[PDB]
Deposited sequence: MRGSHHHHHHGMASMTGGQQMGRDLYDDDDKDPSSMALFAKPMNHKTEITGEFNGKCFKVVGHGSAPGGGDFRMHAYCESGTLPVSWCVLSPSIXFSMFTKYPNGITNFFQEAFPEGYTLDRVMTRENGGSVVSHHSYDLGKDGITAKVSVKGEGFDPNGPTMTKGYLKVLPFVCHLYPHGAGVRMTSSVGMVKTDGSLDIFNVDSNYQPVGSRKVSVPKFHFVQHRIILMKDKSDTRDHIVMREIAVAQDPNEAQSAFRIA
């Protein structure tokens, strides 16, 4: 898509419940290009009842930078788009399930996201906002019938510098019946930066993400072999 060749706006609505505490999050951002994309999100319902770090995967893999030589399933599925079905499990206890759908229009990409979490200790880092950041991570992207499956194990650093591992299992499926090219196995490297805008007195986050896809056995010429 030529649309994916120029800067694009994106927005989201996220409806959620963790341990029964409801919230709504709205955000606007842009995707200037090269796998670097930002979102300013606020909790329209008041105070967010959870860590912005744990919410952050629910806050647009079509903005991932792809090298030529690997198909970008996320862009190729447009204009019809794709769905994301995700299960995220905190190894020390807690599950988050979510669904995302996307609309490509004149004003960019609109996402609708539902998310629910249960099994979190009321005094743990998820429900008490006790996370500082998400470590960098590499996803494995596997062919999965007409779509793709990404797995990652991400480390979320607590206030005290100890970390909790979350396992992310994401199924991306085309909406169109127009047959979309399914890539070969590859990696996608991510970084997530979260910031508080000093002008925004609402409970909010500014999220910046870098996502770049990588051919495994072109990593360097240590991996190249015939």
Not represented among the modelled residues are deposited positions 1-35, 95
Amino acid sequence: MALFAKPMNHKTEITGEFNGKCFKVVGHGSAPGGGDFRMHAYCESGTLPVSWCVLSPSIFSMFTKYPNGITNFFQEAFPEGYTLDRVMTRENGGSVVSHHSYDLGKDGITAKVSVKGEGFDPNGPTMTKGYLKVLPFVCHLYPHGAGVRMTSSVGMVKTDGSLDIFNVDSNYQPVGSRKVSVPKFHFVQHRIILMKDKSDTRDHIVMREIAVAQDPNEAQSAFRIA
From here on, numbers count along this sequence of modelled residues.
Averaging the C-alpha temperature factors as deposited, the higher value of 60-68 versus 173-181 falls on 173-181
Averaging the C-alpha temperature factors as deposited, the higher value of 27-35 versus 48-56 falls on 27-35
The residue of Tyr102, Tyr131, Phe137, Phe120 with the maximal C-alpha B-factor according to the PDB record is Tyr102
Sorting the chain's modelled residues by C-alpha B-factor and splitting them into thirds places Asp164 in the lowest
Split the chain's modelled residues into thirds by Cα B-factor; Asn92 lands in the middle
Of the three thirds of the chain ranked by Cα temperature factor, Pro125 occupies the middle
Entry-reported C-alpha B-factor of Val115 relative to its chain, by third, is lowest
Quick tally, chain-level thirds of C-alpha B-factors: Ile109 sits in the highest
